[PDB]
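**Q** Residue numbers (PDB author numbering), protein chains in the order written: chain P, 153 to 253; chain B, 546 to 678; chain U, 305 to 353, 383 to 405; chain L, 584 to 777; chain S, 3 to 97; chain Y, 244 to 297, 318 to 474; chain W, 390 to 486; chain F, 776 to 823; chain V, 403 to 497, 525 to 570, 578 to 603.
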Amino acid sequence: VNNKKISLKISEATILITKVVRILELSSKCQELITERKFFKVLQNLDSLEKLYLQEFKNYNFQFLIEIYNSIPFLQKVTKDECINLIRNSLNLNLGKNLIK
Amino acid sequence: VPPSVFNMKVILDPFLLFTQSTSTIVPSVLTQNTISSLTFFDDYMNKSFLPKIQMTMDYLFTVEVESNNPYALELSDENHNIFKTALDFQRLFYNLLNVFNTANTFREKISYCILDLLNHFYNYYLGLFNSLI
Amino acid sequence: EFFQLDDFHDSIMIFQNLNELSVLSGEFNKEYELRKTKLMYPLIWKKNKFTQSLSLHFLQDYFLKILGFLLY
Amino acid sequence: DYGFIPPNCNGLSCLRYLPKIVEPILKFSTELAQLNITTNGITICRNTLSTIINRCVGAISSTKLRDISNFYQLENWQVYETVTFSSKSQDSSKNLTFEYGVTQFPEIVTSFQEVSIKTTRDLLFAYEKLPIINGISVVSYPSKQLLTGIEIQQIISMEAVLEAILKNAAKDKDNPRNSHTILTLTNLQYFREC
Amino acid sequence: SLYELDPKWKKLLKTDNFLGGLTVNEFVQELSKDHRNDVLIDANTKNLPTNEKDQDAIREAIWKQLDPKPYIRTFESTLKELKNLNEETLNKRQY
Amino acid sequence: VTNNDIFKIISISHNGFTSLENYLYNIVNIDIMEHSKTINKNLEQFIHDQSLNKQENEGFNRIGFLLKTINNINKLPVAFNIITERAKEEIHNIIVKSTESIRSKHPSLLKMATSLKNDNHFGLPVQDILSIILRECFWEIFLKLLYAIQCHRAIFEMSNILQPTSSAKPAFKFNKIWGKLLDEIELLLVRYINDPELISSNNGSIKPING
Amino acid sequence: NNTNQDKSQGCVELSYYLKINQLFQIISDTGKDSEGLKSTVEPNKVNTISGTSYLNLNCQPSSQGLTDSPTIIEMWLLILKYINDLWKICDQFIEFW
Amino acid sequence: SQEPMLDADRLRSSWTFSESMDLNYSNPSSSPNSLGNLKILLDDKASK
Amino acid sequence: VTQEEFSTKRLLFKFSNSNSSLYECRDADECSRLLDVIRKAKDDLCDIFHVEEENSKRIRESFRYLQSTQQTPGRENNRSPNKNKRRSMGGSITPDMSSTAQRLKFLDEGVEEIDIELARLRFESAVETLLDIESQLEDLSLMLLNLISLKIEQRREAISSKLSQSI
């Protein structure tokens, strides 16, 4: 029970560390998804994030939502942010103009 | 050709140390007494790597087509086009890469870069064979 | 005023992976052009394409004024 | 050490690499007869050491000179590149702004480094330095040849001002072409305090 | 923004944290990432096709409303890492 | 064992580029003094172990292959066994195995494809950046395969030349005649899969016209 | 080097062709700066304006005295290989005697 | 073909590697005759 | 060794890398005590040497050789005029940049804001933003800092060229 104590703080410490790691990665993806109507650090910081989470930084098989999220986010964030920005200023193309006369 | 790659112009990492086996088993030296189909260095450096250099040059010219009869920036002029300073950048880059000294330096790698020049004069000849002609 | 500022930054971020990322704006500009060019003596007709008589002096200064600011 | 034709020289190539191929043979010698086995060939190291050493230092000097005469030729087709000055006037009033012509600054370097290398051939014979002492080279040795090094370096700086003489006067007619030929007097004016 | 992001995890994770004790620290790795009461509802996120009325943006927000949900829950598991630091407090007591 | 005490191990300090002083291309390869060494070793123990019965760099070859390979009592099928296993499965085992070892060792195949370095940035980073790896990799491949087909010429001699003890020698002779036709095939495709990515060639799916 | 030469005689102008600014401040980086200050040598036009000190390390791989690919192969390979081998031989004789 | 010195163009050489981009053409190498030659080579390369 | 008793109790799923074992224990008490004692060999695997500092400190010292210096020299090395897959250490395992280069790291995103503002031809504010970045950079000048200044002067070139075309 001193080795259940030391074992408890041991695996509690390690699971605290990995919990801090996945907390960091999902925190970064929250920092990505938070950015609406900016579209500029979207590909910059988001593509910086995808270079770590699905990639080498969190490349254990650890979660499902980390794996499916960071594996998914190519087409979702890239295609959705992409065509979001494409139909952005088509709004302005409708707004440019009606002030012709 | 669909440039997946044959290998590349990236044999400069590989093809140094993989000539040691072409010279320590000296291809093919030992290889004791039979009919063994010796060289094999070249035979791909004859066939494969040379045609891969030729078509690799050709696709490299297709990374400077840019679809403009013309447009450019040109501190002194119009200079028509990005095509022009493209083929300047290409032939300057490759003609620093593929040969500097030694003039052959080449089986026909000289004649390869000569063929890149010949294609460039074919295309910018074709612009005048289209706009004027 | 900022009439291409969105098109500017749009073309920047989309031009990280140019250029089909901004090629459909050719289509949207051709379409909403073809609405704004239209019509008033119908005037999406300039693609080898009555309504002639739906035009007079106020419609004239209207028409070539509005097309003039379109060219601007 | 050249090695090839052009550039052990202008092209600081024996100026860098010649210290390496110098220094290993120096340690190999100093050890190789620091074992005192036995006698009267430690003389032969005392001959061969200073032979290759002084011949080498002469070689770097010769490269540096015939190099540095070609320096300002095909170099300063430039503009007021490097800096500035702070030379006070006759009324001691802030009158510089004397600038720049970077061929000043390059030849301010390529002799200082050669001073560092020849410092590492004159003062080479300190750090070896073991028993017997079979000290086969003197740490502050050749006062005759030290005076000769003073002579060759003086000839080097004289070759510098000759190089601005030829490059200024006729090579060919453009410091740019009067177009600040005052550039050339600006460079010389910096050279009076460089 | 409390342990209501991990409500049944006060049993479904914390009892498996209290007397579990973590069994077997791959479940604390992966099944606490499959995340009893938090990301055991991990289905249909999904950035919903079809066309952007239905929905493609709310389910895209719910593609990472585990960044809301399982990270105020994993953050609540980081708040339970403070309870694991409380387990490291008493694990600093009996040690 | 005594085949290229490694270049580019490591770095003669400082003297770092040219590629190093070791290579390039001062690692001659002339005909190689390296190949005078190795092709002196196998000619030494081959015709001098043969001449003997008509660490010495590398005594394990003729030593272990001798006292191993002569102490077989029904050897003649087992020669075909080591042949027919080792050709395909060994050649693809090594040539797979090294590229696997780098392919997860410090990969990071980041510099994923070219990082779009145009176009004709053709192995640009050597210059000692990230083609310091692949030179050591493909160098270690052609080195290991060299000592391999060396040694298969050394058993294709060692007892087959000359009937120690079996005058049915043409087994391992076939395992040079199609031993070397094995390995020269297995390198040749490893030529064609040096495609311009650091292609890493570890998938194996073969799909027909229907997915 | 050079057959059918520049003729004559094939200098690189290497104290420009390298040392316009080069190893001129990289081989001279254990060489420069040693009190080699700037005095507004922020090169105020365009490019060579880093120049603070120690390090802001560029810190050039320094191809050679620049255009010497093969001549740095010559000085390097010849002089360093031969003298390296003789260092090994004198080591073995140092043990022997 | 004349390189010659540049710097031009873009990454201040942007190619600069350059082992004939891939060769030495390292014949065996083993062939030091060198012929005292020639033009370099008109060879119809001048005609090219 | 997966815990696949859900498809079949008294059966095991040991899929070692490029393999798969259906090594079916006959009783399930040997299966439950087998994956249970392999979960106690995850109290030996997952507790003894899973990582616990191993991938942690291996990621520390191994990540600590990042772009080019660990391992200083150097006589075949430089990283002056490039980005060359630029290791964004702020977004990497440092996240905790020094508030000089942290607050200028967001002004490195302010440098990218200058790239937006240049990219819409609005020079003025981006120029003065760059003046602020020169001010804080200038004053509070710990190693990557210099490379940040390289990007800064790169973009000062971009401005000077761009205005001199635009005028």
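Idealized CB from N, CA, C, for every residue including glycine.
In the DSSP output, what is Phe415 (chain V) paired with across the bridge?
**A** Start at 1 with the first residue of the ninth sequence, and residue 415 (chain V) comes out as number 13. According to DSSP, which records beta bridges pairwise, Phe415 (chain V) is partnered with V:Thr404.
**Q** Alpha carbon to alpha carbon, how far is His415 (chain Y) from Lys251 (chain Y)?
**A** Position 152 of the sixth sequence, counting from 1, holds the residue named residue 415 (chain Y). Position 8 of the sixth sequence, counting from 1, holds the residue named residue 251 (chain Y). One C-alpha to the other measures close to 27 Å.
**Q** Give the secondary structure of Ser364 (chain Y) by DSSP, where H, G and I count as helix, E and B as strand, and everything else as coil.
**A** As a working mapping, residue 364 (chain Y) is identified with position 101 in the sixth sequence. Of the three classes helix, strand and coil, the one that applies to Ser364 (chain Y) here is helix, per DSSP.
**Q** Does the structure place the region 271 to 282 of chain Y close enough to the region 398 to 408 of chain Y that three or more beta carbon pairs sit under 8 Å?
**A** Judged by Cβ distances under 8 Å, the region 398 to 408 of chain Y makes no contact with the region 271 to 282 of chain Y, as fewer than three pairs qualify.
**Q** Just the chain U side, please: which residues come within less than 8 Å of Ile169 (chain P) by C-beta, in chain order?
**A** Locating residue 169 (chain P) in the first sequence gives position 17, where the first residue counts as 1. The premise fails here: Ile169 (chain P) is roughly 35 Å from chain U at the closest Cβ pair, so nothing lies under 8 Å.
**Q** Give, in chain order, every residue of the region 305 to 321 of chain U whose Cβ lies closer than 7 Å to some Cβ of chain V.
**A** Listed by position along the chain: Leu309, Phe312, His313, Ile316.
**Q** Under 9 Å between the Cβ atoms of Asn457 (chain Y) and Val550 (chain B)?
**A** Walking along the sixth sequence from the start, residue 457 (chain Y) turns up at place 194. Walking along the second sequence from the start, residue 550 (chain B) turns up at place 5. Yes, the pair counts as a contact, with Cβ atoms nearer than the cut-off.
**Q** Give me the residue from S:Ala45, S:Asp40, S:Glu83 with the minimum Cα distance to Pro70 (chain S).
**A** Against the fifth sequence, residue 70 (chain S) aligns to sequence position 68. Closest by alpha carbon: S:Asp40.
**Q** Would you mind telling me which residues of chain F sit closer than 8 Å to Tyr266 (chain Y), beta carbon to beta carbon, in chain order?
**A** Here residue 266 (chain Y) is taken as the residue at index 23 of the sixth sequence, counted from 1. Under the 8 Å cutoff, chain F gives no residues; its nearest Cβ is about 11 Å from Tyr266 (chain Y).
**Q** Going along chain Y, which residues have a C-beta under 7 Å from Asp558 (chain B)?
**A** Numbered from 1 along the second sequence, position 13 holds the residue referred to as residue 558 (chain B). Chain Y residues near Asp558 (chain B): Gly386, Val389, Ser394, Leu397, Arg398, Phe401.
**Q** Determine contact between the region 351 to 368 of chain Y and the region 570 to 580 of chain B, defined as no fewer than three beta-carbon pairs at a distance below 8 Å.
**A** Short answer: they don't touch.
**Q** Return yes when the Cβ of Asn624 (chain B) is within less than 9 Å of the Cβ of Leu618 (chain B), no when it is not.
**A** Along the second sequence, read from residue 1 onward, the residue named residue 618 (chain B) stands at position 73. Along the second sequence, read from residue 1 onward, the residue named residue 624 (chain B) stands at position 79. Contact flag set, yes.
**Q** Under the three-state reduction of DSSP, which class applies to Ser423 (chain V): helix, strand or coil?
**A** Translated into the one-based positions of the ninth sequence, residue 423 (chain V) becomes position 21. Note: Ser423 (chain V) maps to strand in three-state DSSP.
**Q** Suppose the cutoff is 7 Å on Cβ atoms and the five residues either side in sequence are ignored; what does the same chain contact list for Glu734 (chain L) look like?
**A** Position 151 of the fourth sequence holds residue 734 (chain L). Excluding positions up to five away in sequence, the list is empty.
**Q** Could you give the residue range of the alpha helix (DSSP H) that holds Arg435 (chain V)?
**A** For the purposes of this step, residue 435 (chain V) is identified with residue 33 of the ninth sequence, where counting begins at 1. Element bounds for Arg435 (chain V): 431 to 439.
**Q** Report yes if the CB atom of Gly594 (chain L) is closer than 9 Å to the CB atom of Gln394 (chain W), and no otherwise.
**A** Here the question's residue 594 (chain L) lines up with position 11 in the fourth sequence. Here the question's residue 394 (chain W) lines up with position 5 in the seventh sequence. Not closer than 9 Å, so no.
**Q** Got a sec: which bits of the region 239 to 251 of chain P sit with their beta carbon under 7 Å from any beta carbon on chain U, in order along the chain?
**A** Going along the region 239 to 251 of chain P in chain order, one finds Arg240, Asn241, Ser242, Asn244, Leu245, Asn246, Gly248 with a Cβ nearer than 7 Å to chain U.
**Q** For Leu637 (chain B) versus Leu817 (chain F), is the C-beta spacing smaller than 9 Å?
**A** Counting from one through the second sequence, the residue named residue 637 (chain B) turns up at place 92. Counting from one through the eighth sequence, the residue named residue 817 (chain F) turns up at place 42. No, these two residues do not count as a Cβ contact at 9 Å.
**Q** Counting only the same chain and skipping the five closest in sequence on each side, list residues whose C-beta sits under 7 Å from that of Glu62 (chain S).
**A** Your numbering for residue 62 (chain S) matches position 60 in the fifth sequence. The answer, listed in chain order, is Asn49.
**Q** Tell me the residue span of the alpha helix (DSSP H) that contains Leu599 (chain V).
**A** The residue given as residue 599 (chain V) occupies position 163 in the ninth sequence. 580 to 602 is the extent of the alpha helix (DSSP H) around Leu599 (chain V).
**Q** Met796 (chain F) and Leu663 (chain B) look like a contact to me (Cβ under 8 Å); what is the Cβ gap, rounded to whole Å?
**A** The sequence position of residue 796 (chain F) within the eighth sequence is 21, counting from 1. The sequence position of residue 663 (chain B) within the second sequence is 118, counting from 1. About 19 Å separates the two Cβ atoms, so there is no contact after all.
**Q** For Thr564 (chain B), count neighbouring Cβ atoms within 10 angstroms of its own Cβ and tell me buried if that reaches 16, exposed if not.
**A** Counting from 1 along the second sequence, the entry for residue 564 (chain B) is found at position 19. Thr564 (chain B) is buried by the Cβ-count criterion.
**Q** Out of L:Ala743, L:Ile748, L:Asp705, L:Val722, state which residue places its alpha-carbon closest to the alpha-carbon of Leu730 (chain L).
**A** Locating residue 730 (chain L) in the fourth sequence gives position 147, where the first residue counts as 1. Residue L:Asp705 is the option with its Cα nearest to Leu730 (chain L).
**Q** How is the alpha helix (DSSP H) around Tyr639 (chain B) delimited, first residue to last?
**A** Here residue 639 (chain B) corresponds to residue number 94 of the second sequence, with the count starting at 1. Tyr639 (chain B) -> alpha helix (DSSP H) spans 627 to 642.
**Q** Please say whether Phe585 (chain B) and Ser573 (chain B) have beta carbons closer to each other than 9 Å?
**A** Your numbering for residue 573 (chain B) matches position 28 in the second sequence. Your numbering for residue 585 (chain B) matches position 40 in the second sequence. In contact: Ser573 (chain B) and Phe585 (chain B) (Cβ atoms closer than 9 Å).
**Q** Using beta carbons (cut-off 9 Å, strictly below), is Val453 (chain V) in contact with chain P?
**A** On the ninth sequence, position 51 is the one that residue 453 (chain V) refers to. Interface residue, yes.
**Q** With distances taken Cα to Cα, identify the nearest neighbour of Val271 (chain Y) among B:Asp587, B:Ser568, B:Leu557.
**A** Translated into the one-based positions of the sixth sequence, residue 271 (chain Y) becomes position 28. When each option's Cα is compared against that of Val271 (chain Y), the closest is B:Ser568.
**Q** Three or more C-beta pairs under 8 Å: does that hold for the region 21 to 30 of chain S against the region 159 to 167 of chain P?
**A** Yes, since at least three Cβ pairs between the region 21 to 30 of chain S and the region 159 to 167 of chain P fall closer than 8 Å, the two stretches touch.
**Q** Using CA atoms only, rank isn't needed, just tell me which of L:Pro759, L:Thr631, L:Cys777 is closest to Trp660 (chain L).
**A** Here residue 660 (chain L) corresponds to residue number 77 of the fourth sequence, with the count starting at 1. With distances taken between Cα atoms, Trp660 (chain L) lies closest to L:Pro759.
**Q** Output yes or no for whether 9 Å exceeds the beta carbon distance between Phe312 (chain U) and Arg591 (chain V).
**A** For the purposes of this step, residue 312 (chain U) is taken as residue 8 along the third sequence, with counting starting at 1. For the purposes of this step, residue 591 (chain V) is taken as residue 155 along the ninth sequence, with counting starting at 1. Cβ distance not < 9 Å, so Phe312 (chain U) and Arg591 (chain V) don't count as in contact.
**Q** Under a Cβ-count criterion, where at least 16 other Cβ atoms within 10 Å of its own Cβ denotes burial, should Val244 (chain Y) be classed as buried or exposed?
**A** Residue numbering aside, residue 244 (chain Y) sits at position 1 when the sixth sequence is read from its first letter. With fewer than 16 other Cβ atoms within 10 Å, it is exposed.
**Q** Are the Cβ atoms of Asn390 (chain W) and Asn646 (chain B) separated by less than 9 Å?
**A** Walking along the seventh sequence from the start, residue 390 (chain W) turns up at place 1. Walking along the second sequence from the start, residue 646 (chain B) turns up at place 101. In contact: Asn390 (chain W) and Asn646 (chain B) (Cβ atoms closer than 9 Å).
**Q** Taking 6 Å as the limit between beta carbons, can you name the residues of its chain near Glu697 (chain L), skipping five residues before and five after?
**A** Along the fourth sequence, read from residue 1 onward, the residue named residue 697 (chain L) stands at position 114. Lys647, listed in sequence order.
**Q** Please classify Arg787 (chain F): does DSSP put it in a helix, a strand, or coil?
**A** Looking up residue 787 (chain F) in the eighth sequence gives position 12. It is coil, neither helix nor strand.
**Q** Taking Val550 (chain B) as the query, report the chain Y residues whose CB atoms sit under 7 Å from its CB, ordered along the chain.
**A** Counted from its first residue, the second sequence places residue 550 (chain B) at position 5. Per Cβ cutoff of 7 Å: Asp458, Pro459.
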